[PDB]
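Asker: Residue numbers (the authors' numbering), protein chains in the order written: chain A, 3 to 732, 737 to 1022; chain B, 413 to 618; chain C, 3 to 206. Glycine residues also receive a C-beta, built at the ideal position from the N, C-alpha and C atoms. Got a structure for you, written out below as structure tokens; questions coming shortly.
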Amino acid sequence: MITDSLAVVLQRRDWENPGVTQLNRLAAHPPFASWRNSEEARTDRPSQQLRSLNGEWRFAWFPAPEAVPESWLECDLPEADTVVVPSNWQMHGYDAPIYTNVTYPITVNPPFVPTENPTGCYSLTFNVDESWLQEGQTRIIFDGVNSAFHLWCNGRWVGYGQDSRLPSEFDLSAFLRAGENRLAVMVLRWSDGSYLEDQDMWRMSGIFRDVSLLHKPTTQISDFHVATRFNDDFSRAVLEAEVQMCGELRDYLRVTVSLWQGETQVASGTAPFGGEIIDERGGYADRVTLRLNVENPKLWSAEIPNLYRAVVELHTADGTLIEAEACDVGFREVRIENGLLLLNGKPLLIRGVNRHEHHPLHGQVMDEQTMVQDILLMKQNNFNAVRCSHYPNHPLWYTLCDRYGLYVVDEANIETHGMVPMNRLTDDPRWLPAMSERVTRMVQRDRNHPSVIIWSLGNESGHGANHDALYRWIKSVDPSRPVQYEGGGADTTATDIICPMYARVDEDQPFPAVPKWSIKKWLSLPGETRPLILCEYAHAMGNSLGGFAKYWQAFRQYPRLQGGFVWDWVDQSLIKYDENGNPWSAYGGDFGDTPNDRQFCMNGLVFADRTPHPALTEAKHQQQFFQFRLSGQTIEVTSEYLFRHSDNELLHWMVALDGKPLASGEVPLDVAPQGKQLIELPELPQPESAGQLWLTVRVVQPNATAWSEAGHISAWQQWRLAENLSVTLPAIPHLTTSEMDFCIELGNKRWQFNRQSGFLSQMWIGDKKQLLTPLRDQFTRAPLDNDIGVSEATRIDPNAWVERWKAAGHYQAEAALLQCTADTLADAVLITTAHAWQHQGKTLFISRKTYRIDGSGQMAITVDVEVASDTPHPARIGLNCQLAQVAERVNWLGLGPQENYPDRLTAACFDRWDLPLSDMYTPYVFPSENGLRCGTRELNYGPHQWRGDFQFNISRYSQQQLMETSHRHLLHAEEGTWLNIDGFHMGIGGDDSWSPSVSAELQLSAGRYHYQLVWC
Amino acid sequence: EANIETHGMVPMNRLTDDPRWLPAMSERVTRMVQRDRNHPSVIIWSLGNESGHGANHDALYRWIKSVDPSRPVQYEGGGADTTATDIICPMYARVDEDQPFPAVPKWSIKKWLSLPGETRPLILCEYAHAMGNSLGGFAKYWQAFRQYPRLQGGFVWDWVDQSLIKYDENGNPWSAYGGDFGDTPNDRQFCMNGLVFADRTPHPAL
Amino acid sequence: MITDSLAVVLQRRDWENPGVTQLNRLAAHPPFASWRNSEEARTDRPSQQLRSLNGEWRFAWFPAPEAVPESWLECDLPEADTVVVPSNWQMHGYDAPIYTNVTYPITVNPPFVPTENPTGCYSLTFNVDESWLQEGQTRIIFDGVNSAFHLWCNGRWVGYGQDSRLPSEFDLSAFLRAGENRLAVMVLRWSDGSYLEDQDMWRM
Ligand SMILES: OC(O)[C@H]1NC[C@H](O)[C@@H]1O
Ligand SMILES: OC(O)[C@H]1NC[C@H](O)[C@@H]1O
Ligand SMILES: [Mg+2]
Ligand SMILES: [Mg+2]
Ligand SMILES: [Mg+2]
Ligand SMILES: [Mg+2]
Ligand code: NA
Ligand code: NA
Ligand code: NA
Ligand code: NA
């Protein structure tokens, strides 16, 4: 009882030693439930031998493990609270969460951690029946503890564990007692395992996954491997099951393995224990391999996730069942052949996304309802694969990916991004034991899951010799799955797939040791033969995903470009509450954590409550499984489905004339995997009116599926048809000139131009003013996250667009009135102006305008702008003003319902759209320029109408307030409505968010620009 | 050669195919390479001896090839031609006669070179077992080594007898083997396989 | 001084655990002598910074590590003999050497070894100058110990090692003192490292 004490157990300091990653922990294995009935195992009913210890626990926080009193090992602390488990303790306010990207949250001095190490003392009092203690084995299973822990059971020390993302199991058979038992668990926030856990995410701690008790017989199944081999046409498979047993070998022991396709038993095999001769000493007495033949098996894929049920029975020769286990089996073959990743003989096209386990309320505690909501949203947006960035997930995630159909990259919990250099640990043999436990225990847990098709060695840890060793371990133990790893340049000997992060389509990025070549160039470098799948691309931080269509054009054209995984799925924001209890989304330094990396945790396609960002519909369009070509009257549909026929798809088509519908119809799709269907439209309506005819098609699923509602739209496309230019041609407004203003009147309408500023300063409809701010040129935007270009908060890039714009005085440029005149035409008043924008005597821009007010009360505005070639190209070229009116609806003829930019508008459609005014603002958590719609020919708001060919955004927030506000909950609506009408608007970039990423064709570099707008 | 031999296990790779023994095994390989990599006389690394073929062998082979590409790695276990070795290095493969065991056949050295796919050199890690009055047929190996270019020799078993000195009742020393110290069970005179006696006096086979 | 005791150090039983092959052992490296003169290094003369501790040591044999009394950590046992180091203790008649080819000399039950585990308690009293302690680092280097051992320096526990054929080195800078120092080394015949050491040879 001296050796069970805290002074003894703590003094060796196992959390500051990479050579001790566990003590008395059991071997890793696939998920067990220990069914004592074969029918409960087959139907996956809940075993009575697996007890969840989740629920109310006692919890006490301590600033260091030395501060834990010795009485906690025997009795509950009076100062302890009662908390729910699983949970992170930072979500209950005991200390703060820390957001840091690359820089470690502790002092870099491995293997040591600080003396101030926050310690969470968990305890649970609970009952075990005597029947669990009279026979068999009782183990406790912690599915995830962050980041290291010692365990006591009834005041006796049991063991120690360190990987936060894999289960730790301990035998409690010698420690339990009939009646009352008490577990005490001491969780440390930091350890030497923390040096391998430097992912770009919130750093939390605690018992954040499930805790369970499992009872097994003394003679028990200890492991089982399922594999499926095929012939060349996939018409016959062999399910090879390898079972291992612990306990005492008797000759009456048998293992039966049955395969079930639903209720039909499809194959079965029985055998005594005894593997085949392995070497000179013989073979495994405690193992048996059962080979089950399967004729014409239904194949598993993400398109059709066909699953079987394998039941493994350990029984006696007289048919007495000892123990049953089971798993869902998916028949599929993953293989790289001739430079191509093949699934069931067909080359994949990976429509993937990276997904952290994140909940804005529960932190890193994952529940089945959140996982199911994520999977449906992903599949509804045409994703077919997920990368577990950057750790083994909750075990239910793989079961859900098996059932719904998503390919999965399973990734070991190793990231050492903060080291200098990045491979300082991974090239060191003294850390090879630690790293090997994080790879080998992941493969042992997850190797039976069909949805897992690729292993990953971790993320952003350079390239060391330990990576090459662990790659060869996985290839030896599990040849059925390729291994990939990005570190050290993404094409090392530790990966089977070239898997770069943020390699661009056409532009090379020649860094010194780790160049990011263009994806197209990288395939043809001499010697290179591997497929290329980006492990991260299209960094979706805020208003992003510009240039996303360029990737998908390249993926379809190049056979060895097999897709990639978008960064990333969900924003990593946390909910805080204001003084009146209103929740608001928080990021980086919002919890007092310093240093931190601010809004860089929020890179998602969806908000933290799983509401979609506008970029997600661009991804759904570019990733869609039907492609269309129009010839004249004939549509050519091509399926990108590799395995399924289009048996739940109906093609709707419509023709409209400037929003006005003219004809439409439906045709059922009937296209094979990778085939084509020709669809002949009827003789189209030839309208007499002027305007552009548009053809829109949409593929609709009439029947619901497991992941989609009835009527789900899965793909669409729009084309221009014939165009009829208008050759139809359409009292006298009075010009009253004073010294300060030009005032024009026409009936109840009046326009006033200020002669000192040169801008339209006011309009009247009757006695009602319409403008609160004048109508003035605008050359700037409230900067996006891609404009700001910061991944680490300590590093500012002078080549970023916001630094160049600020240093060039774009945000402070003052206009000088060069000319302002007025004249009376035969039927109109013409106002001519010219302004020059200057910063310290440098003329940035010149703007020449003419305002032409006719007799019908229309104001035709013509704008010609000159941009200095040595200033950085402006973010926009347009006009802005604050209208006095606040209206409920915005109606307009242009591209798409959602926010779209010139770099990201392929998913939007030309049509007449009508939305509430709050729908015209995208509430990004870090505020910025948002809500733009491009390609617009007409805009209606209140009594006003604008016509031309422009991009607009309209909101209650000025660009100045957007730039000056760090959080969206601090925004307040201004007095009127801010309108930004842009002749031209820069792209938004998004190849990455820490360097300039707008392509040169999306920049405003033409030097001279022209646009025209008609108000009324 | 790393200090790894698990000959007594059943099967021989029960530990070396187990990931829970991969840390132990890795320390025995990596600390040998770190100590000895500057020595010019060391031209080949070995992963140990008579431990079957496990996944840990393939991992530690790839570690050595990454850290020190200047030396080939060999390993005999699991049939002497696995993916854990750069050299076909069998023990007691005969010149012309095959020995077809089940999982680990000892082909004839000449036949082993021409099996389909095989391209590696062949150097016997043990051959010509010199137990007592032995080394019959030694000239047959050396005729084969000179004739076949990919037969690049081998290592005789072995140099010195492993006998220990005991003393009689009058203090006369005598050479002892196996169960001469009360150790039981033991394997008798099988420790004495040398070309020389334990006092380094040569046997006639030398 | 409770945690330096035999009852504390032994009770975790590091020799029956393949996940603990060392504790507080330094990184492996090529052979060092730390010459403070470039000409002595080039001509391979013997460095004054490398001291051989070979010679006469005190030795006591025990049938198991539990049988070691607690007073051995602080003072020499009166029953101890004086033996030369390096040496195998079976060549001094303390127990017998074992010749076995393939069959392990212990019960095959990894990672466990028998409770009857023959233990060799070595100790050495020796002097260090103050100049070694005033600055720099002092390490002890065991070039080979069969098959596993715990180490104490002046009654404080220093570490643990397991590979019998490679050097184990430990930093002794916090443990040494000017004048008289005493190392105590407890060598175990069998451990979980013995499962990887089944060569056809005498087991000593
Ligand atoms: O590998 C990923 O975790 C990192 N790459 C960029 C992304 O923002 C994240 O920090
Ligand atoms: O590998 C060697 O150690 C073994 N092969 C045969 C020889 O007698 C010895 O037992
Ligand atoms: Mg540790
Ligand atoms: Mg990182
Ligand atoms: Mg050990
Ligand atoms: Mg042997
Ligand atoms: Na492709
Ligand atoms: Na990030
Ligand atoms: Na030759
Ligand atoms: Na022998």
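1. Suppose you measure from the CA of A:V11 to the CA of A:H623; what does that come to, to the nearest Å?
2. Can you pull out the residues from the segment 83 to 102 of chain C whose beta carbon lies closer than 7 Å to at least one beta carbon of chain B?
3. In the DSSP assignment, what are the bridge partners of A:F210?
4. Is it the case that the Cβ atoms of A:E417 and A:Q201 are separated by a distance below 8 Å?
5. Would you mind listing the beta strand (DSSP E) stretches within the segment 141 to 189 of chain C that are 3+ residues and don't spill past its ends, in chain order?
6. Terminal residues of the continuous alpha helix (DSSP H) containing B:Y553?
7. Identify, in the order they occur along the chain, each residue of the same chain with its Cβ nearer than 7 Å to the Cβ of A:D412, setting aside the five sequence neighbours on each side.
8. Go ahead and pull the three-state DSSP assignment for A:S875.
9. Count the other CB atoms within 10 Å of the CB of A:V110; is the residue buried (16 or more) or exposed (fewer)?
10. Return the bridge partner residues of A:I500 from the DSSP annotation.
11. DSSP state of A:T698, grouped into three classes?
12. According to DSSP, what are the bridge partners of A:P20?
13. Taking DSSP as the reference, what is the three-state secondary structure of B:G590?
14. What's the call for A:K774, buried or exposed, on a 16-neighbour Cβ count within 10 Å?
15. What in chain E is Cβ-close to A:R432, meaning under 8 Å?
16. Assuming A:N986 contacts A:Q784 (C-beta within less than 8 Å), just tell me the rounded distance between them.
17. Would you mind reading off the limits of the alpha helix (DSSP H) that contains B:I521?
18. At the 8 Å Cβ level, is C:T127 part of the contact set with chain B, yes or no?
19. For A:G753 and A:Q864, what's the separation of their Cα atoms in angstroms?
20. How far does the beta strand (DSSP E) with A:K678 in it reach, from first residue to last?
21. So, A:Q375 versus A:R612, is the Cβ gap smaller than 8 Å?
22. In angstroms, rounded to a whole number, what distance separates the CA positions of B:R426 and A:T442?
23. Could you name the residues, in chain order, whose CB is less than 6 Å away from a heavy atom belonging to ligand 7?
24. By the criterion of Cβ-Cβ separation under 7 Å, what are the contact partners of A:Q13 in chain C?
25. Contact between the segment 149 to 162 of chain A and the segment 180 to 190 of chain A is defined here as three or more beta-carbon pairs at a separation below 8 Å; is this criterion met?
26. Please list the partners that A:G285 has in chain B, where partner means a Cβ-to-Cβ separation under 7 Å.
27. Beta carbon of A:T849, beta carbon of A:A842: below 8 Å?
28. Bridge partners of A:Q951, per DSSP?
29. For the segment 252 to 259 of chain A and the segment 270 to 286 of chain A, state whether three or more C-beta atom pairs, one from each stretch, are separated by less than 8 Å.
30. Hey, does B:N450 have any beta-carbon neighbour from chain C nearer than 8 Å?
31. Just to confirm before moving on: does the CB-CB distance between B:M543 and B:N605 stay below 8 Å?
32. Using a Cβ-Cβ cut-off of 8 Å, state whether B:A492 counts as contacting chain A.
33. For a contact defined as C-beta to C-beta under 9 Å, what are the partners of A:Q222 on chain C?
34. Kindly list the residues whose CB is nearer than 8 Å to the CB of A:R810, restricted to its own chain and excluding five residues on each side of it in sequence; keep chain order.
35. Can you have a look at A:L766 and say buried or exposed, based on whether 16 or more other CB atoms are within 10 angstroms of its CB?
36. Taking only runs that begin and end inside the segment 822 to 908 of chain A, name each unbroken beta strand (DSSP E) of 3 or more residues, in chain order.
Answerer: Well, looking at it:
1. Translated into positions along the first sequence, residue 11 of chain A becomes position 9. Translated into positions along the first sequence, residue 623 of chain A becomes position 621. Roughly 58 Å between the two C-alpha positions.
2. Residues passing the 7 Å Cβ filter: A98, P99, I100, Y101, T102.
3. Within the first sequence, numbered from 1, the residue matching residue 210 of chain A stands at position 208. According to DSSP, A:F210 bridges with nothing at all.
4. Position 415 of the first sequence, counted from the first residue, corresponds to residue 417 of chain A. Position 199 of the first sequence, counted from the first residue, corresponds to residue 201 of chain A. It is a contact, given that the beta carbons lie within the stated cut-off.
5. You should have 141 to 144, 150 to 155, 158 to 163, 170 to 173.
6. Here residue 553 of chain B refers to the residue found at position 141 when the second sequence is read from its first residue. Unbroken alpha helix (DSSP H) run through B:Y553: 550 to 559.
7. As a first step, residue 412 of chain A must be located in the first sequence, where it is residue number 410. For A:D412, where only same-chain residues beyond five positions count, the Cβ hits under 7 Å are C390, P394, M444, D448, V454, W457, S458.
8. As a first step, residue 875 of chain A must be located in the first sequence, where it is residue number 869. Three-state DSSP puts A:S875 in coil, outside helix and strand.
9. As a first step, residue 110 of chain A must be located in the first sequence, where it is residue number 108. Looking at its Cβ environment, which holds fewer than 16 other Cβ atoms inside 10 Å, A:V110 is exposed.
10. Position 498 of the first sequence, counting from 1, holds the residue named residue 500 of chain A. According to DSSP, A:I500 bridges with A:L534.
11. Position 696 of the first sequence, counted from the first residue, corresponds to residue 698 of chain A. Here A:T698 sits in strand by DSSP.
12. In the first sequence, the residue the question calls residue 20 of chain A occupies position 18. The partner list for A:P20 (beta bridge, DSSP) is empty, contrary to what the question assumes.
13. Along the second sequence, read from residue 1 onward, the residue named residue 590 of chain B stands at position 178. Reduced to three states, the DSSP call for B:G590 is helix.
14. Here residue 774 of chain A is taken as the residue at index 768 of the first sequence, counted from 1. So A:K774 counts as exposed.
15. Absent from the structure is chain E; the protein chains it does hold are A, B and C.
16. Taking the first sequence and counting its residues from 1, one reaches residue 986 of chain A at position 980. Taking the first sequence and counting its residues from 1, one reaches residue 784 of chain A at position 778. Beta-carbon to beta-carbon, A:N986 and A:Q784 are separated by about 6 Å, close enough to satisfy the 8 Å threshold.
17. What you label residue 521 of chain B is simply residue 109 of the second sequence in a count that begins at 1. It spans 521 to 526 - the alpha helix (DSSP H) in which B:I521 sits, taken as one unbroken run.
18. Within the third sequence, residue 127 of chain C is the residue found at index 125, counting from 1. Taking Cβ atoms only, chain B never reaches closer than 8 Å to C:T127, which makes this a no.
19. Counting from one through the first sequence, the residue named residue 753 of chain A turns up at place 747. Counting from one through the first sequence, the residue named residue 864 of chain A turns up at place 858. Straight-line Cα distance between these residues: approximately 12 Å.
20. Taking the first sequence and counting its residues from 1, the one referred to as residue 678 of chain A is at position 676. Its beta strand (DSSP E) spans residues 678 to 682.
21. On the first sequence, residue 375 of chain A is found 373 positions in, with the first residue counted as 1. On the first sequence, residue 612 of chain A is found 610 positions in, with the first residue counted as 1. In contact: A:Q375 and A:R612 (Cβ atoms closer than 8 Å).
22. In the second sequence, residue 426 of chain B corresponds to position 14, counting from 1. In the first sequence, residue 442 of chain A corresponds to position 440, counting from 1. Approximately 16 Å, taken between the alpha carbons.
23. Environment of ligand 7, chain-ordered: A:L351, A:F557, A:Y560, A:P561, A:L563, A:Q564, taking every residue with Cβ within less than 6 Å of a heavy atom.
24. On the first sequence, position 11 is the one that residue 13 of chain A refers to. In chain order: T5.
25. Taking 8 Å as the limit for Cβ pairs, the verdict is that the segment 180 to 190 of chain A does touch the segment 149 to 162 of chain A.
26. Your numbering for residue 285 of chain A matches position 283 in the first sequence. Contact note: A:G285 reaches chain B through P423, using a C-beta cutoff of 7 Å and chain order.
27. Reading the first sequence from its first residue, position 843 is the one you call residue 849 of chain A. Reading the first sequence from its first residue, position 836 is the one you call residue 842 of chain A. Yes; because the gap between Cβ atoms is below 8 Å, this pair is in contact.
28. Locating residue 951 of chain A in the first sequence gives position 945, where the first residue counts as 1. Paired residues: A:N946.
29. Counting Cβ pairs under 8 Å, three or more are found: they touch.
30. On the second sequence, position 38 is the one that residue 450 of chain B refers to. Closer than 8 Å to the CB of B:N450 there is at least one CB belonging to chain C.
31. As a first step, residue 543 of chain B must be located in the second sequence, where it is residue number 131. As a first step, residue 605 of chain B must be located in the second sequence, where it is residue number 193. Remark: C-beta atoms of B:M543 and B:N605 approach each other more closely than 8 Å.
32. Numbered from 1 along the second sequence, position 80 holds the residue referred to as residue 492 of chain B. No - not a single Cβ of chain A is within 8 Å of the one on B:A492.
33. For this step, residue 222 of chain A is matched to residue 220 along the first sequence. Here the premise fails: no neighbours, minimum Cβ distance about 18 Å.
34. What you label residue 810 of chain A is simply residue 804 of the first sequence in a count that begins at 1. Here A:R810 has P804, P878 as same chain residues with Cβ atoms under 8 Å from its own Cβ, once five neighbours each way along the sequence are excluded.
35. Sequence index remark: in the first sequence, residue 766 of chain A carries index 760 (1-based). That one is buried.
36. List check, beta strand (DSSP E) in window: 835 to 845, 848 to 859, 865 to 873, 882 to 889, 895 to 901.
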